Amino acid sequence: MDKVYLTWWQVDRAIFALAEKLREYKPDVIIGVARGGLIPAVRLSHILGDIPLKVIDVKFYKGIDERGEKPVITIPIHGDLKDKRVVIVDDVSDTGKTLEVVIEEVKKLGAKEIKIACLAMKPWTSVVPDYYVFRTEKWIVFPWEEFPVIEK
């Protein structure tokens, strides 16, 4: 087993730890990255005084290039975030691909300050989270994810 299976208690404790740290930052709004992002996002929305939750969904297709992928925003976020402390919540920063796209949609809305929180991150990511709990190189199977079946 070269995969990491995070339990729900591991995710709850991780979220509680992040919360205490995000309290010093005082977020005005949360932006959850779908789909895994929305678990920590919803919980943080509650734990931090029911602060507004915005949802964004970024998806990737192969497009007209073989070596390359262009982002298609499934679920957008609206309204402006001028003078608003923003905190983007996602489950893990693997390549940082999705996060970079999200940081650009948050700036287009005039985000005052921007912080990034994740449950875990991988060493090579191009977007290190400002706050995270787990560090690993393996593939992470979260408590809310199903398992693949191996057939002959």
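For every residue, the number given is its place in the sequence shown, counted from 1.
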(message) Going by the mean C-alpha B-factor recorded in the entry, which is higher: 63-71 or 30-38?
(response) 63-71
(request) Higher average CA B factor in the deposited record is what I'm after, so tell me if that's 101-109 or 116-124. (result) 101-109
(message) Where does the C-alpha B-factor of residue 6 rank in its chain, lowest, middle or highest third?
(response) lowest
(message) Please place residue 43 in the lowest, middle or highest third of its chain according to the CA B-factor in the PDB entry.
(response) lowest
(request) Please rank the C-alpha B-factors of the chain's modelled residues and tell me whether residue 12 sits in the lowest, middle or highest third. (result) lowest
